[PDB]
């Protein structure tokens, strides 16, 4: 109809309720489920769907061997109905590639897939299910993007890309698209020293992205974008409650403009909702691996370097595998506020579970509630032994 405008502010997050779960690995043990990773969720005005990067093979299929690898010519961004698994029969391919993002602007959807060899990748921007624009690698070192939904405001949908090293400075760019065409692009500015896999959400005409500093920081870099001025700023979450993984133990004071040191060249895509006292941080329970997942209310985390938790909710027990996590919201819901949501990628198989030769995952996702709801843990649920 008309382009959506981020006119509402976030609803108050007093707890998280269960939104969607596909039990893909459980079900896929005996049905045609595609091997995936890098999932996310994204809504259209009339439907919300699960998204991920397929590996171009079923889990039980012999080609599942080797799916720990990230970039092959057999991957593709696919979307499928909320809480169903990604099956060969219900999965819709949005584009071909090994890194992606996607978002609906109110009128139609924009999907971006990057493919190529490490030194010659290219992104192709699809709009209304057609290819419209192409961007060639600018640093010749794995051009890559968000791995979760982008956000639009009045037709403008900003997307964060990174090209170059994952263990040193790189060339991050913020592209502002409208109807799949490039209106403008900036180089990253601000104090964030390295940016990868940004998780974004929007409210009151501002887009917030919580990304990952793969190079040095265990605290998360944050990019705030003005989609009207088409400008942005960058910093780190000030809070001592560190949210990357692996990471050191939490200090009593964090860092606002430098990566918090202790762990180099590693990390995981993650997210956060930064909204004054209505601030909630997601993070793995383990400081060593992608294990467990919890939400922590840390009032003023972004700007208060001594902020510590005031409430919390466990999402996945530390005795269960987690992985990537990101943000999304249904901008077309009823009501006066946007209900914060997020998903957690539950990785199964390699490298942690090497008795099988594949790597895949299932999805669990929650949204906020103004009630103070009881909590449950949500694991993948599959028994690896069955796959042997």
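Residue numbers count along the first chain shown, from 1.
As recorded in the PDB entry, 164 to 172 is the stretch of 164 to 172 and 99 to 107 with the greater mean C-alpha temperature factor. In this entry, the higher average B-factor at the C-alpha atoms falls on 190 to 198, of the pair 190 to 198 and 76 to 84. Per the PDB record, 68 has a higher Cα B-factor than any other of 33, 68, 43, 346. Per the deposited record, the Cα B-factor of residue 244 falls in the middle third when ranked against the other modelled residues of its chain. Annotation for residue 143: C-alpha temperature factor in the middle third relative to the rest of the modelled chain, per the entry. Sort the chain's modelled residues by C-alpha temperature factor and residue 61 lands in the middle third, per the entry. The PDB entry assigns residue 356 a C-alpha temperature factor belonging to the highest third of its chain's modelled residues. Per the deposited record, the Cα B-factor of residue 225 falls in the highest third when ranked against the other modelled residues of its chain.
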